[PDB]
Every structure is written in C-alpha cells, then in structure tokens.
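**Student:** Just dropping this structure here.
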Amino acid sequence: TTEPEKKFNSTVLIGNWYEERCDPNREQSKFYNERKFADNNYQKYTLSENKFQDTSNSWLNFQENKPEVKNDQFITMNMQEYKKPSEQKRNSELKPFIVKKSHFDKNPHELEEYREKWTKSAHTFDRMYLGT
Amino acid sequence: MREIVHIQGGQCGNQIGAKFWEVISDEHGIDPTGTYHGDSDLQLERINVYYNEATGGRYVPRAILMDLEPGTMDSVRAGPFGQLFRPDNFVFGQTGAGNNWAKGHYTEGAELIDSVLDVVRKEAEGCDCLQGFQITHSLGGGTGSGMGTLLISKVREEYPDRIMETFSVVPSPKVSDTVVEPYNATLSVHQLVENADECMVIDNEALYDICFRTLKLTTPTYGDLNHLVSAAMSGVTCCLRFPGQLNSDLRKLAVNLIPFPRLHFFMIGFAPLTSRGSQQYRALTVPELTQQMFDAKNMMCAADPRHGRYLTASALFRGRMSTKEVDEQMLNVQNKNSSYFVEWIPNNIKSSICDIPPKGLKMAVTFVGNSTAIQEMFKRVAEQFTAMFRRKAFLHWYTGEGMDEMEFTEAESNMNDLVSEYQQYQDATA
Amino acid sequence: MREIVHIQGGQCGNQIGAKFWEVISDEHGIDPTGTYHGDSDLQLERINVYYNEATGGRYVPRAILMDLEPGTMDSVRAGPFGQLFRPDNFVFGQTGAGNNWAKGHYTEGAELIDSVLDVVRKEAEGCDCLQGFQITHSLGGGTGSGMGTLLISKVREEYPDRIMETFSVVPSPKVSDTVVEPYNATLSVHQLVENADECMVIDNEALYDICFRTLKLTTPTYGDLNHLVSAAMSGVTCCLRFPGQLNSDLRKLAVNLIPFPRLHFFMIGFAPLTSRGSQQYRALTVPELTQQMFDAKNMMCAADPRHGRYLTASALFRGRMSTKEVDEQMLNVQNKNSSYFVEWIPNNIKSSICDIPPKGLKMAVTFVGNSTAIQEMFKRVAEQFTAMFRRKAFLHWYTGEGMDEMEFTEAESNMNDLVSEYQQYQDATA
Amino acid sequence: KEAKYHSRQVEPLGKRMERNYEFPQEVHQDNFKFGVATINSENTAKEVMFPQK
Amino acid sequence: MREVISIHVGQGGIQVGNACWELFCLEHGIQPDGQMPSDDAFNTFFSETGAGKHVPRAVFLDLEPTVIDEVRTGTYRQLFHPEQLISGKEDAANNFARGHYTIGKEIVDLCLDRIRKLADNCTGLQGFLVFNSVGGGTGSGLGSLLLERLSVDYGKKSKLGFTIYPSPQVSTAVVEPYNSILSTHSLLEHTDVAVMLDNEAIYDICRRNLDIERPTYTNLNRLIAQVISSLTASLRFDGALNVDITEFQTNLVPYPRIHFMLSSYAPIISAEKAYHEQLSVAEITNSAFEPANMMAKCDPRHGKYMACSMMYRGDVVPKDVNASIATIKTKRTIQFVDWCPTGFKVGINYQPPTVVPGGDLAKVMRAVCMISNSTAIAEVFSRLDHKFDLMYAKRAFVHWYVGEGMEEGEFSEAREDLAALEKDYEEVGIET
Ligand SMILES: Nc1nc2c(ncn2[C@@H]2O[C@H](COP(=O)(O)OP(=O)(O)OP(=O)(O)O)[C@@H](O)[C@H]2O)c(=O)[nH]1
Ligand SMILES: Nc1nc2c(ncn2[C@@H]2O[C@H](COP(=O)(O)OP(=O)(O)O)[C@@H](O)[C@H]2O)c(=O)[nH]1
Ligand SMILES: Nc1nc2c(ncn2[C@@H]2O[C@H](COP(=O)(O)OP(=O)(O)O)[C@@H](O)[C@H]2O)c(=O)[nH]1
Ligand SMILES: [Mg+2]
C-alpha cells in the first residue's frame, strides 16, 4: 500500500485525486448534477453546474474571498484602541460566565411588569405594642 | 446582629435555594436588581440577617452556591434573580459527581473544597456576630449528599459553638429516580447525625399529596414543590427578622425540642393552604389553623404522626392574634390526644407569636414537630439497602475509589442503632 | 529612510528576484505600470524602502540585474511585472559563464564587474541613510556563485559598516542538475564567511518535498518554488516597513542571532502552509502557528534540525494579536524541548510583532534559526569534493583560466575548518 | 398506466403503504405537532398561597 | 463544553453514521456546507472553525474505499474534514485475521494520530461512541484493535459501542459466526456499554408500525439515528431532569462483566394512523416495554430485569412518569431481579423529537427511549455458540484464518470465554 504516480486524469478514484479536483484552475473542477445524482432519465431533460467545494485559486494567501479579512487587513492596534474618548468602547474579551446578560436584562419590560406584580403588594403590617 | 449564612449544593438544593431567595426578597421588598422598593420601615429594620451591604446601596444575599457541573448553575443565573447573587460566590467544578457518593466525598469533592471553604470562611468572618449556618441539599444525589455532608464536618470543626440547619430531601420508594439511592442516602445519614444540630426531612412523596389534594391542582411541577418548602423555611426565622409578643430564635428552638443529643430529626408543615375555588369559603381563625396544623396529611413527611408518640412539638404563629386563644388551643389538643403524646414530659408543646404575617395573608402558621413516627422512613430505606448490599450489587464503583466495604457495614450499624435507640422512648413509660 | 538595495545574479537569482518583486508590488498595491492603486495610507509612508520615485508619479524598484548572457534577462523583461525595472539596470556580457567558477570570477567577471559596481554605487549614494544589501543567487552555478561572490567581496571593501544579507541556493546531492557542482560550491563558500553578515541557505530538494507533502500539488513548477522563497524573503523586512508593537530591523537580527563572528549561517521557514483541499477546516491561531513553525519538515533546508541543537532563533509574527500568547508559547516550546536548545545561553528565542499581515491572509510567521545541524549540508558537499578532486576530474578548465590547485586545497581546508569549529558547541558544557 | 394495479399503491419500494386519507387543511399543515394536546397548563402556580388578593 | 468523539468503522458503521450526522445537522440547523443561517448546544458534536462553518467530531475508518468515496463525492462533501476520512486499498473480505493481523496494523497509527489531534482540541471530553457491524471482517478486526489501543492510551474514558449482531435466521454472510465470537471476546474486556441492534427486529418494527413492506437500509438507519439523538439530547438540551454519560453505566452495570444491553423506542408511527390515537404518556411507555417493539430479537419474558435507563423527551411532566412506572411495577407479566428493589432511572428533556424531511416517521410531541439490562440476553450468545459449534466440528473455513497469520487455538479460547459469560449470566440471575 504505497503512493502511486500520475497515470489517469482527475476523474477516476485513483489516489491523490481530491487535491486536483479542489484546484479551480483545472476544467474538471466543476461537475454536473445529472452526472450522478440521477434517479431516472425522464426526470430532467436538463444539465446544471454544481462546482466542487469552494476554494481559492492560489495555494498561498488562501484567506481571500472573505470580505471581512480584506477590511481589517490595514488596522493597527493604535488605530483600534486610541480612537477618541468621546466614542470609544472596550474591546477586551472577558470570561463568558461574567457577561451572561440574565433574563431580566434581556427584556427590561418584564421588570416593571414585575415589582407591582409581587413586590410592595398586599402588605399588612400590624403591631400590638403599647406606644408604636 | 445574630445573622446567618446560606449554603446550597447539588441540583435539588439549588432549585430549593433559588426559590427561597425569591420568597425572602418579596417580604423585604427587594427587587431582583437589589433595590429596596418596600413601604414599611420594619422591612429594612433587620435586613442584616440575610443580606450584605455594598457600595452604592445595593443589597446582596450572603449565599454560597456549590456544585460539580455548570449545568444547573448556568440556568439559575440565566433566569430571574440571577443578578442578585455575587458572581464571585459561584464556585463549581468541571467533571461532575456522577451520582457517586465516594466520588463526591473522597476523590473529586475533596479536591474542590479548598476554594469554597475560603469564601465561606471569608463570609463568616466579616459578619458582626454569627448566629449559625443553614444547608439545603438532597440525600439521594452524588454531589448533594457527598460534598454536602463533608462541608458540614469541616465547618463544624472551625465553629464548634455555632448551630447548623439542614433541609434534607430524603428519597422515598414510591418516587424513585436513581437505582443507587439506598447506598448514598445511608452513607449521608451516618455523617449527618454526628455533626448537624438540626435536621429537617422532606419527601417528594408527601409534597405531591399536599399539592394534589389540599391545593387541588392537577399538574404540579418542581417549581411548585420548591415553593412549598420555601414557605416553611422562611417561617422558622420569621421571629428573628420581625418583632413579636414571644421571641424565639434558632437556639431557643433547639433547646426546647431536643431532649437527647442524638434525637434531632424533625418533620415540618405549613398552614393555611387552601385551593383557589375554596379560598372564599374559609374563615381565618386560630381554632381552624390549629386543626390543619396537626392534620396528619399536612406533614411534609411520608411518616404518619399517629403511628408513634410526639416527644415534643413547636408552632410558630404569624400575624395579629390573642395569646389566650393560642395558649388554650395548644392545651386542648394535648388533652384530647394524650395517647399520641409521651407522658413523662408535661406540656411538650412550645408556642411563639410574630407580629408580621407573610405576603398577602392575614395569618400563617409553621409547625415543627419531633415525633417517634420518623423511624419508619429509616426502616424502609435500610430495608432497600440490605437487599442490595447482600449481593454486593453496584459496589465496584465505591470500592474502586479508595473506600472499602468496612465503611458500608459500619454506616449501616450506626443507622440501625439510631432507629433502635429512637424507638426505645416510644414504648418507654414513667 | 533606512532603505535597502537589491542585487540578483544568475538564472536562479534573477528568477527569485522576478517573483520577489511581484509579491512586494502586490503587497503595496503597485500597478505593473508603476502606478499606486492602494486603499489605505499605510502603503505609501514607507514605499521609499524598496521603490524609487520618478517623474509622473511612477515608482521604479532599485534593483540591479547582472549576468554573463542575455538569455535569462530577455525572459525577465517579457514576463509579468517586467516594465518596473529600469532598462539602465541591466548589465550583461555576450558569452556566458558555462558552469565554470574561474571564468565568471577571473576572466569574464573581472572585466565586466566594473560596470555593475558603478550602478550599485550610483544607487547607494542616491539614498540618504543606507540600511544594507540583500543578494539573491545560487552557489551551484558559474555566473551566480562565481561573479556573485566577487561583487560581495568588493562591496564589503567599500561599505564595511552596512549589513549584508544573502539568500543562497546551495546544491543538494539528492537532486542533481550539474556534474561540476562540488567544485564551485566549495570555492564560493570560502569567500562568504569573511564578508556576509547573514546567510540564509535554501535547498531545492527541501522545497520539492514541502510542496509534495504539505501542499499536495501534483505537478509543481519553478514558479511555485519561487513563490515560497519570495514569501519568506518579504516577511523578514515586515517590521521595517509597517508599524507594530515590537519593531525589529535587519541589524537587530544580526546582533541577536550571532554569538560568534563565524556562526552566521541560518535556515528559514514559513507558516501557515496548508494543502488546497483542507484550507477552510483549520483555525489560524498563535498556538497553531507556533507549533508548525518549529516542525522539522517545514524548514527550507535538507538538514534535519532535530539532529542538533539550536543556538538562537527568531520569530517575526505578523498581524494584529496579543503579546501574552506570543510570549507564553516561546517559553512553552523552549521548556518542553530543552534537549534541542543549548544550555549555557538562556531564553534564546526572540519574538517580534507587526500589525500588517500579508495580503490574502490574517496571520503569518517567519522563522530564522541558527542550528548546529546546518553543517550536515556542508558535510555532503565536502565528501563529494574529495572523491572528485583526488582523481583531478574536470580540473583542466579551472587550471586553464589562471587558477591554481593551491586555492582548491585552501577551499576544502576552510570548509572542513568551519564544520569542526561549528560542531564543537553541540556538546560543549560550561 | 402502471400505477393502478393494487401493487403500486400498496407495498412500494422503501415507502409507507399508501392509505389515501384527507386531513383538514385549515389546520394540520404548517406546524401541527401530532399528539393529544399541550398538557393544558393550570392557572395560578405560586399565588394559590400568598393570594395577592 | 462537554464533547463526545464518534468513531465509524466498517460499511455498516459508515452507513449508520451518515444518517446520524444528517439527523444531527437537521436538528442543529447546519446546512450541508457547514454554515449556520441564523445557545451553543452544538458544541457536543461540532467544533467552531473560528469563522463560519462547523466541523463534526467524527473520524471515518475503512479498508475498502467505495463507501468512503461516496461520502467524499456526495451532497455532504463540504461538511466533513478532508483528512479525517481514512481509507485503505484492499478489503478484508469478511476475514477477521486480515483486519487484525495482516493489513489492519498499517492504519491504526493514522487513526490514533487523528483521534489524538481531535481530543487535544477538546476540553470536557465525556467519552467515545463507536459504530461497527460485527459480522464483517474489518468491522470486527479493526474495531477490536482500535478498542484495545484506545483503552491503554486513554485509561478511564468511557467508551460506548452500538454493535449490530447477526440475526437469528435472516442473515447475509455464511462465515460470520466465526469472526463474531473473536470480536465478542475482544470487546467484552475493553468496552463499557454494548447495544444490541440485530436486523430482524428492525424489520418487524417497520412492517408492523410504518406499514412498510419493502424496507431498505435507509429506513433502518433512521431508527438508530433517532435512538442516538434521544440518548444524547440530555448533553445538549436543558430539561427538567438531566442525566450525563457517566450517569448511565454507574446505574446500568451491577457487575463489571455484565454490560450488554438492548434498547427500545416509542412511539414509532406514521402520519396516517397517529391521528386516531392520542399518544399519551401513559400509553407510549407501555409500547416501550412491549416485547414486540424491541430493537433486539430477544424475548424479555424469558428472564429477569436488572435496571432500565429510560429517557423521555418532549413535553412530559415528572408527575405522569411516576404513575406509569407504578403501573409497570404492579403489572405481573414483568418481573425484576430480587436484589434490586428500585430499578428505574428516569430522565426528562424539553426538546421534542425532530423529523427529517422525506422520512417515514411522524412529528410527534412525545417520545421515550429505553435502555434495558436484562438476563434474557444470554439466548443470543447461546444460539451463536451453537451455530459456531455446528461448523467448527470439522474445521470448516479455517484455512482462510490460519493462512493469514492467526494461530489455531484462538477459537477454543473464545469458546471458553463465551461459556464463562453464559455461566456468569446464569449464576447472577438466580434467586437469593
Ligand atoms: N443495519 C445495517 N446493517 C448493515 C448495513 N450495511 C451492512 N450491514 C451489516 O453488515 C454485515 C456485513 O458486514 P458489512 O458491514 O457489510 O462489511 P464490513 O463490516 O465493513 O466488513 P467487510 O465486508 O470486510 O468490509 C451484514 O450482515 C449487515 O447485517 C446497513 O446499512 N445497515
Ligand atoms: N424538590 C425538588 N426535588 C428535586 C428537584 N430536582 C430533583 N429532585 C429530586 O432529587 C433526586 C435526585 O437528586 P439530585 O438532584 O440528582 O442530587 P445531586 O446529584 O447531588 O444534584 C430525585 O429523586 C428528585 O426527586 C427539584 O427541583 N426540587
Ligand atoms: N528555485 C529555483 N531554482 C532554480 C531556478 N532556475 C534554476 N534553478 C537552480 O539553479 C541550478 C543551476 O544554477 P545556474 O542557473 O546554472 O547558475 P548560474 O549559471 O550561475 O546562472 C539548478 O540546479 C536549478 O535547480 C528557478 O527559477 N528557481
Ligand atoms: Mg465492507
């Protein structure tokens, strides 16, 4: 059980076919739904392009095709942290258990619905003392 | 002064505690954000007992929450009243006891307690004059019964003169959720009788019957059962936070209820409890409260109080009432039922009166009674234990974590010794 | 503003330089017509490090392209990004070297090197504060090793203070393209230890296995190998062109990596390198980058770094990150692999951070290492030299250009002397 | 022209036997969750005691 | 923060894991490409890539490549990790010696490397779930070798296996009584919990409940996936009564040698006739204990019960569970072992079951899954021993095993080990 060398085109299941299918430069990286995935002939008189995985063309700098990494690719810690003390906010990452943001914080309307519901409702303070 | 601290462990203890703080905050007018919104001065008069004072004027409970998995402690913080507790008082592990008493007391629980004993020590040191401790836990679970009983032993060693309360939920055969309940329940009783000053036992079996019949509601859940226990728990310390004609703190209850040191297992109950549709047909008077108080079906224990003799009983009345009514009713019940009261101790009922009734009630009563009928619960639990242990079933878990079968036999002898010693006074005569 | 000049010679040096200027122009957003088309202003404040400004606002690289035959520099002009280089910076003879060290270093190199020395002096005096030189060439060829090392000595005679970097492609016995490599490989190495302040060796054999084992691309060409060296070459000067938290120029590397004057031979590496198929299934974090950068199979040299011990290593992190993770991993990898680090020097790793990651990525790491195992590469070349020299094979061409056997004997002596001097620290104990 | 044999409308390949019922589509289509009922929740949980009235 | 790692080996394991992962993705709302359209309950089965997609915590092993290649070329090619689909070149050809002594030794190193890489990322690893059919060579051989390696490599991590033992009479191969016994030996000394999932029982369940007369393997795998999801839902959904992995076999294993159990699921019904019955909590729990709805072809009426770990999911109430348990106890046709007074471990969850589009089941609001440990399981071992004894009496098919590096005497030793297991089951269940 050793590694073979290139003898067949990248449409058979001979070893090291996965990477060749992943390479978008090859024409074979992009297949048809009706090739395979076909219950019967009369179901569709059609062909449709489906593509094999979602992969960039260059092996290096592969993180391309993500709009987010392109935006923050020229942001510096000084630019990030030292904006202006009128409109700057904390960016540190805390322990998850401390930022739980419990139920009554999620929906504050429940809070004023409460209190009058249970607190300060139907108190009867009576004391049998001589002076009071 | 004379303030107390709260410790809860396990899932069952945490759910009981999470509702008890809800009840107390309502009485003193504390919203879930910790801001006072009451109307009377007496609400803020004795808030030092259960609450601390922080900068900015917010009140925080002095409670310690312990467990070995974050499953239940994540839910209690994400629900209502999750912002009441101090975030640093949450202490928990990462593995879980796995319903194994040996794991929760020898291997994993013993490792964690270094941290939790520090916060408990810090809390009990900063107080002005400590009065005692109180514990809420279940005897049918791993972390609840395992770490819970170990924590009692070490705190007792550091505070020999303080008093301890335990609100324990023992497992009954009719409602069983674990197969190794008899093992760890028996082991928890061994250490509990040695250290805890006062032990109150609760049954999920009895709580269902009360909610089924007395309240006549068809679909109870664990939310409602936790509320029934919560009402009784606040009732015991009611006279400690409000003025009254007769004052009796926790220590006074211990002296007047415990004749002999090893007999400190009580049963509790609450009154009045009436359904929604029948609440307008009742009249709130002392003569009718005492009827529901002594009702054998109203006790929170599966033990039938008429199957033994009351060594002693106590009643804590709340509201506006006359002492002549209270005193004359407790005499009549003793005379009418002299058979059910042991006869070498005269007038074995203690009565206390508090001037502030609970939320929305004209009157309420909390009953704490020490009766010989509690032996039946231990007998039926021990019967399950001896059938399982005679075949050494499920014993490879405990023997695989450092504890041997010598402790299992030793614990059973002490538990059987308690019942034989407890039943002796039922037939004892002067 | 501490700007460097670039000199490339031979076919291999010109090909590396052709690909290198493609990455740098891509990073700075430079049109192949020399026009700036960037997005942020961070790309222009330091553009004078690599590029010169001319009329019309176009930018021209300061590079000298030198060879003995116009075949290769016809292709570099016609290829992509060929319009950048000034036509006045092409110098070439009409004959070629023919894989002969003496011809490129004594007969044809000497008569032509006056012209290339003029353009280098012209560019050097143009800049205000010169930083140093970087040279890309191959030691297995005629005009590369021969005429290249003659220019290296000439510049060091004129600018003795500036730092000199070389990216040398040394021959590898596993994959052979020429039968006379051992002769001219040893000769040029003799002239490097007295002149070059930093030398970073590269093997084509090491590149081929990286592409086959890590990138898993079936049919790589020289364009792919050229890209790997370009990425590492551009990452060395990242902190000199962009703002960061811990800046470090070339001189900070030389001072902080060279314990003794004749131990300036380094091996390089780059991360993260991943196969095209599994690009999205791995998370880019500091723990992952620091694990891969020290892998024995990720280096750019045939030598195995786990057969010796590191003297000093340097890591130049890129992208926005936090310093504590950077500092803790270097300590962690040093403690867990203390067998591979020499003991008489503590904390022999430097960390540098820049806030601008390469285009198309979010983090990147360049590794420069000084390890005792780089001598295994010289042993193989030296072994081949002795076998060929004892029979005096192919020697009549070298002796036919005024070159005598005496400096053949000196070359093998100094080559062996370096290895003996460089391995005696491997087991040296203080 | 082959479906109507009483062998294509019964015992198909890897499918439940076709029993042609008709359901009330005014309900039953969007998010109906089978079963008997939603275990009808009772009014009042903690306010049976502390009636608030 | 609690994870579990799933290992799939053999064609049966792969083809049941495919359905299991389809069901899990449908439950958690993850598209086949791995993205989520719009809390962190997924963490027990998946792992965040840092930005976007979620990668399952699974590794696939096989020696014959066709089944793996279908995964890599199907509609789920964008979900699995490309380097976690480990495959060989040559099949085991229903030979145990090939997969354990000849060609299975060259890939276990890669499998352990992948498992180590997966586990190093995890922080709260609960245990392992291993899927494999036992009647095949590579399923029995590689499974045995992998269990033996993982035990010594990991120590006290709990391992659960969902094994498909050969059916009494309806079976495919002919030499499978041979290699099943050896793998039974190997797993008995190294696994923590084993589940019986024979094939006739699933066929009868389908025919009786779904009214399906020609079921294919796609239908059978969905039931197993539902069972796994119901078992694991307590790790990732909050409920009124939660139970963890370690709180399974500490309540199901009385003695270390007795850890073979069989499961049932209810309700299993189609949409056409789930509307004429109310599916109350009282009636679903009766079908769970009904012997005919049992996923293993065994008769529970022929033996005593030890412990039943039965799980509820949906909108059940702890009130109603106790009454049903009391009725089951008071029923006379079901008897427990004498030395076990309480025998039920009950769990309740809030998340209702999910139905896969294009499936056969219904979207009911209640479901109960029971894992039962009983003494009746000895019958399958006895019949397998008889079938082995019929063939081995004259060394049939043995030259295929001897010629592949395996010694002759292993069959005998496995025979005495199965005999000892029979003796243990016989002696444990006797009245005290
Ligand atoms: N439930 C179920 N069982 C299956 C399935 N596929 C195969 N089996 C069982 O597996 C047994 C045969 O072993 P296979 O799983 O097919 O093959 P293997 O275990 O990988 O062993 P090799 O044949 O050597 O590759 C059959 O008797 C089936 O009972 C399936 O999709 N579902
Ligand atoms: N009153 C009450 N009892 C509960 C609750 N949850 C569980 N129980 C009971 O506690 C027993 C199990 O104890 P368990 O919670 O597992 O203990 P732990 O493992 O130490 O947390 C069961 O028999 C339940 O009847 C609850 O919320 N309230
Ligand atoms: N990495 C890389 N190596 C090259 C390239 N072109 C040639 N080489 C290597 O250089 C060696 C020959 O060097 P050569 O061009 O003859 O040197 P020169 O005669 O001085 O120009 C061969 O062994 C090749 O492997 C290239 O484009 N990239
Ligand atoms: Mg197969």
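To match Swiss-Prot, the residue numbers of chain E are left as they are there, and the shown ones run 1-38, 46-439.
In case you wondered, yes, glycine gets a Cβ from its N, Cα and C as well.
Copying in the features that Swiss-Prot gives for the protein in this structure:
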type	residues	note
ACT_SITE	E:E254	active site
BINDING	E:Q11, E:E71, E:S140, E:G144, E:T145, E:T179, E:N206, E:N228	GTP binding site
BINDING	E:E71	Mg(2+) binding site
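Are these features on the surface or tucked inside, and what touches them?
**Tutor:** Listed in sequence order, E:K352 are the same-chain residues at least 6 apart in sequence whose CB falls under 8 Å from the CB of E:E254 (active site). Under the DSSP three-state reduction, E:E254 (active site) is assigned to helix.
Counting only same-chain residues at least 6 apart in sequence, those with a Cβ under 8 Å from the Cβ of E:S140 (GTP binding site) are E:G10, E:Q11, E:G12, E:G13, E:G146, E:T170, E:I171.
For E:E71 (GTP binding site), the same-chain residues 6+ apart in sequence whose C-beta sits under 8 angstroms from its C-beta are E:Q11, E:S94, E:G95, E:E97, E:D98, E:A99, E:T145.
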**Student:** Who sits close to E:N206 (GTP binding site): which same-chain residues at least 6 apart have their Cβ under 8 Å from its Cβ?
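**Tutor:** In sequence order, E:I171, E:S174, E:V177, E:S178, E:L227 meet the Cβ cut-off.
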**Student:** How far apart, in angstrom, are the most distant Cα atoms among the GTP-binding residues E:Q11, E:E71, E:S140, E:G144, E:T145, E:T179, E:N206, E:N228?
**Tutor:** 23
**Student:** Taking the Cβ of E:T179 (GTP binding site) as the reference point, list residues of the same chain whose Cβ is under 8 angstroms away and which are at least six residues distant in sequence.
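**Tutor:** Listed in sequence order, they are E:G142.
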**Student:** Return the residues near E:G144 (GTP binding site) by Cβ distance under 8 Å, restricted to its own chain and a separation of at least 6 in sequence.
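**Tutor:** Same-chain residues close to E:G144 (GTP binding site) (Cβ under 8 Å, separated by 6 or more) are E:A99, E:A100, E:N101, E:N102, E:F103, E:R105, E:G106, E:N186.
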**Student:** If you draw a 10 Å sphere around the Cβ of E:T145 (GTP binding site), how many other Cβ atoms fall inside it, taking every protein chain shown into account?
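**Tutor:** Looking across every protein chain shown, the total is 30.
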**Student:** Taking the Cβ of E:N228 (GTP binding site) as reference, which residues of that chain separated by at least 6 in sequence fall under 8 Å from it?
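**Tutor:** Listed in sequence order: E:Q15, E:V16, E:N18, E:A19, E:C20.
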**Student:** Quick one: of the recorded positions E:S140, E:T145, E:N206, E:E254, which have a CB under 8 A from chain B's CB atoms?
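**Tutor:** The recorded positions close to chain B are E:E254.
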**Student:** Under DSSP, is E:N228 (GTP binding site) helix, strand or coil?
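**Tutor:** Reduced to three states, the DSSP call for E:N228 (GTP binding site) is helix.
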**Student:** How many other Cβ atoms are found within 10 Å of the Cβ atom of E:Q11 (GTP binding site), counting all protein chains shown?
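**Tutor:** So the Cβ neighbour count for E:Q11 (GTP binding site) comes to 20.
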**Student:** Near ligand 4, which of the binding-site residues show up if the criterion is a Cβ under 6 Å from one of its atoms? Options: E:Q11, E:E71, E:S140, E:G144, E:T179, E:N206.
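**Tutor:** The qualifying binding-site residues are E:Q11, E:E71.
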**Student:** So, three-state DSSP: helix, strand or coil for E:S140 (GTP binding site)?
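**Tutor:** In the DSSP reduction, E:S140 (GTP binding site) maps to strand.
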